Amino acid sequence: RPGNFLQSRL
Amino acid sequence: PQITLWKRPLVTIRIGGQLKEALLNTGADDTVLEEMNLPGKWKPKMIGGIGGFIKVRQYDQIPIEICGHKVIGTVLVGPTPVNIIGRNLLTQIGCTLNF
Amino acid sequence: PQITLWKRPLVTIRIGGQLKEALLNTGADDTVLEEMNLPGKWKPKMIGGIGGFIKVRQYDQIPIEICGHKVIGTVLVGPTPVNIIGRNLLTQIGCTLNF
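Per the PDB record, the structure was determined using X-ray crystallography to 1.54 Å resolution.

Laid out in structure tokens, this is it:
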């Protein structure tokens, strides 16, 4: 399952 | 509360009058919710994640209650796999990491 | 220590006796490091999130020190844009969220 919810502005 | 990390740190939120489940995410700059309607003006934005970039709608100054704590701030709406509470709102509710 | 969330929670880690900067990411199940030529056996894996999936190499039982706290477990390696410490190692160093 998707499991790495890194999120970054830009 | 104090939340350990053996399971995903999922909590209930209320936004636009509706309840949802969301992940407390220190790896996210911003808060990103799955497709939904929110009132008011929005701006098109892009954001990046582990797999690349997606398009989202940015709503500013949105009230959101997170595990009983009030926040008012920016909420992004788009094709995220999971609802994410990011640092923009974790800071508003006084959240820290501790070890 | 207590880490506030005004900025990205980047800390120093040691793997191979060498130092790197890594993001403490309560939104990650697993730990994934930027591409590096680590020795040992590995298995291919796909990890996903915002923007889709990336291909990574899975290494098992790799020691890793996070802010002076020893850990050992599964470490993924691949084209992540930033070194990420996920819950598999955050639990080992006794990390909690608190608000």
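Alright, that's what it looks like, and here's the rest.
So, about the environment of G86(C). Residues and elements named next belong to chain C. Mapped onto the fold, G86 is located in the loop between strand 8 (84–85) and helix 1 (87–90). Judged by relative accessible area, which is 0%, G86 ranks as buried. Measuring from C-alpha to C-alpha, the distance between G86 and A28 comes to 4.6 Å, with 58 residues separating the pair along the chain. Once you skip the residues sitting within four places of it in the chain, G86 turns out to touch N25, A28, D29, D30 and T31.

This part is about the pairing of strand 5 (residues 43–49) of chain C. Residues and elements named next belong to chain C. Both strand 5 and strand 6 (residues 52–66) contribute to a ladder of 7 bridges, which runs antiparallel. Among the inter-strand pairings, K43 is bridged to a residue of strand 6, identified as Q58. The antiparallel pairing of strand 5 with strand 6 creates a hairpin that spans 2 residues between the two strands, and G51 there sits at a positive phi of about 90°.

What the rule picks out here adds up to 9 salt bridges over all chains. Measuring nitrogen to oxygen at the nearest pair gives 2.8 Å for the salt bridge that ties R8(B) to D29(C). With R8(B) in the loop between strand 1 (2–3) and strand 2 (10–15) and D29(C) in the loop between strand 3 (18–24) and strand 4 (32–33), the pair connects residues from two separate chains. Given a relative accessible area of 28%, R8(B) falls into the partly exposed group. Notably, a salt bridge pairs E65(C) with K70(C), separated by 3.6 Å at the nearest N-O pair. When salt bridges with common partners are traced through the structure, they connect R9(A), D29(B), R87(B) and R8(C) into a single cluster.

Parameters at a glance
- The numbering shown runs from 1 along each chain in the order of its written sequence and may not match that of the entry; residues for which no coordinates exist are omitted.
- Chain labels run from A onward and ligand labels from 1 onward, assigned in the order the entries are written.
- As a convention, hydrogens and water are excluded, and side-chain values are obtained from all of the structure's heavy atoms.
- Residues with missing side-chain atoms are left out of burial classes, side-chain pairs and their counts.
- The helix and strand labels rest on DSSP assignments: H or I over at least four residues marks a helix, E over at least two residues marks a strand, and numbering proceeds from the N terminus.
- Three exposure classes are used, based on accessible area relative to the maximum for each residue type with a 1.4 Å probe and protein chains only: buried under 20%, partly exposed in between, and exposed over 50%.
- Residues count as neighbours in contact if any of their non-hydrogen atoms are within 4.5 Å of one another.
- Each pair of strands is called paired provided DSSP finds at least two bridges between the two strands.
- Whenever a carboxyl oxygen of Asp or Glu lies within 4 Å of a side-chain nitrogen of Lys or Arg, that contact is scored as a salt bridge.

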